[PDB]
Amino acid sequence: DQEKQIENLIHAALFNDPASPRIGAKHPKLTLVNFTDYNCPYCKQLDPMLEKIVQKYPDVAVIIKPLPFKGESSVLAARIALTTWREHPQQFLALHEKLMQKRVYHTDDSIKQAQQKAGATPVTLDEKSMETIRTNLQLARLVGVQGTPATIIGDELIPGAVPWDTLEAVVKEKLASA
C-alpha cells in the first residue's frame, strides 16, 4: 500500500540492521546485501565468493538477509544463524559457512552438525528471529527481490550466482564510485 510512508526508512534497515549478520568491517566503503537461503543451491555457490570479496577488499562488508523459502529446515537454519548472530556474533561466520557448505537439503540433525563443526554455542529461539525474517521479507519486497540469491551491490540488484570475475568487477566499480 503506502510503502510511501516508509520508503525513506528502507536504507538503515537494509545496511545497518543490528540484527542482520555482517561479514567484514562495521564501517565499510561499500555494503553488499545478500538475500539468501541455506538450502538454496545457487546461494551455496555464491556464498564462498562473498567472503572472498571481503577477504580481498576489506573496505567491503556483506549483510546476510535470510529469506527461508525452502521449507521448515530453511526457517530453522535461518533462525539458528540469526540467533547466533545476536548472542555470539563472533561465532556467526563459522556457523554460516557450515550451513552453506552442507550439500544436502537440511534436517534438524544436519543443522545441529553444522553447529558442532562450527563450534557454535547452542541458542534459544525467540520471536525475535521470526521478526527479523519478516523484516527481511518486507525489505526483499520493497527492493524488488524476485528470488534467492539476490544481492544489492551499489545501484544494482544482482539475481542468482554470477561468475567470480564478473562479481569482482561489479564490486570494484561500485567501490570506485563510492
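Quick note: we count residues from 1 along the sequence shown, nothing fancier.
Of the two segments examined, 58-66 and 123-131, it is 123-131 that shows the higher average Cα temperature factor in the deposited entry. 39-47 and 141-149 differ in mean CA B-factor, and the higher of the two is recorded for 141-149. Of the candidates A19, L9, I23, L167, the PDB record gives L9 the highest C-alpha temperature factor. The deposited CA B-factor of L32 belongs to the lowest third of values across its chain. When all modelled residues of the chain are sorted by CA temperature factor, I111 is found within the lowest third.
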